[PDB]
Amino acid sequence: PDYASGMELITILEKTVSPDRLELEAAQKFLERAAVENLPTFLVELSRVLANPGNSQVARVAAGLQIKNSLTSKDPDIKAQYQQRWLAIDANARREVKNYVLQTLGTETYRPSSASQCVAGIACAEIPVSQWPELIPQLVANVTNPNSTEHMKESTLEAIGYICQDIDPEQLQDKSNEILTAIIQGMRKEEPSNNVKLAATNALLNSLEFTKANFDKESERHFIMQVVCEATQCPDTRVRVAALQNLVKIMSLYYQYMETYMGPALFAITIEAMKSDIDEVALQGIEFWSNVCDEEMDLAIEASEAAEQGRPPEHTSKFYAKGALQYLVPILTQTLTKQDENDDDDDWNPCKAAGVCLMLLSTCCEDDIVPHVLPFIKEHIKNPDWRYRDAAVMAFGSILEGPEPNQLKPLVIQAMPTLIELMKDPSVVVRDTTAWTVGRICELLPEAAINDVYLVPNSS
């Protein structure tokens, strides 16, 4: 035998990144040819260049990439054949590659771990047939081990994350406690690394698909909630945002369990997130309450159908939205003044999210939302600042669906003159928003409009 084998491989792997066209081309031609020539040996040789910390970063990433593109594809059908092509190679050549990949975890210095993707690619194919019985225990160990380094834990958590989102939820339900233990471990308040924390929280979000049994146990649930709430306090905003994302999904998945955390934690955290000057954070706060509105609206319909059938509803609402109303609305109307200057009305910022939330809130809380919004409207409807003038018009249009029509009509009649005047406003943004609101009126309250105004062809 001769090491020339791996030597040349590493030379070509480094050319797939060459500024030259010829080398880059010849590089891929060779690689592809070697795959065809003898894949099992090809992948074993690549898993060796990857697991070798002595090799240059470029060579190791290029090696991971090749291993990656051998087990997965953007095409569900192609990806399906690769997994069969992989299961095709004899167990021996595979245990070799699987071990090298797992041994690469923690031996990488570059940011994105190329080993984690490879673990996921192989797990997706072997786990469904119980071919990698030592993967989970290994991964869990890598995280719970006190001597494990940041890279070791971070890369392992990334791998758990990929697995949670690439594998069929039913395939993981059987190993939920293990995976969750590793995930929760990486999220403990005492974690020294913000990168480890981020990787763990991102993975939790993906695991919410198969951890029902875990959330149904009032004992574990308390811990998961404590760890997630603490993560919302982390100084690294990426961790904070990922934590909020979990609360957002958990709220729409376990509304009945939230009464224990709502008043003690959730309320203060999300309300504070809605007030953040950081957009990614504020959006997360707004979605949280948007979800509560969806949930409580469904429950109201449940209570209704149950009544008409002469019985108590199976589930009841704790009316979180109605209770938060006085704190939510001021925050939302103020966010309305943070509208974008341009017509990129396809960009999703707090201002647009807030507007949507105010409407959900109106259809959810109905008659109650009006008392909270009117003051802001009457106060800014005629404000010199277009940002407030616009927000006022927007807010008025946001409450037209939900409240009792008989309570809105007088508001409409009393405001129409201003609206008609606002259609000629100096600001383009105010004009458009006003057309929107009049539209909401002619649309939800035709009578109040039809009679307090008739249409007439314009003149340009």
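Note that residue numbering begins at 1 and tracks the sequence as displayed.
Mean C-alpha B-factor comparison - 263-271 and 88-96, higher one = Per the PDB entry, the higher value belongs to 88-96.
Per the PDB record, is the mean Cα temperature factor higher over 218-226 or over 324-332? Mean C-alpha B-factor is greater for 218-226.
Can you tell me which of 388, 110, 162, 288 has the highest Cα temperature factor in the record? That would be 110.
### Task
Return the residue from 373, 152, 282, 129 that has the highest Cα B-factor in the entry.
Reading the PDB entry, the winner on C-alpha B-factor is 129.
Going by the entry, which third of its chain does the Cα temperature factor of residue 450 land in? For residue 450, whose C-alpha B-factor we compare with every modelled residue in the chain, the answer is the highest third.
key: Chain third (lowest, middle, highest) by recorded CA B-factor, residue given as residue 277   = For residue 277, whose C-alpha B-factor we compare with every modelled residue in the chain, the answer is the middle third.
Relative to the other modelled residues in the chain, which third contains the C-alpha temperature factor of residue 76: lowest, middle or highest?
Within its chain, residue 76 is a highest-third residue by C-alpha B-factor, going by the deposited values.
task: Divide the modelled residues of the chain into thirds by Cα B-factor and specify which third, lowest, middle or highest, holds residue 40.
output: For residue 40, whose C-alpha B-factor we compare with every modelled residue in the chain, the answer is the highest third.
* CA B-factor ranking of residue 208, expressed as a third of its chain -> Residue 208: CA B-factor falls in the middle third of its chain.
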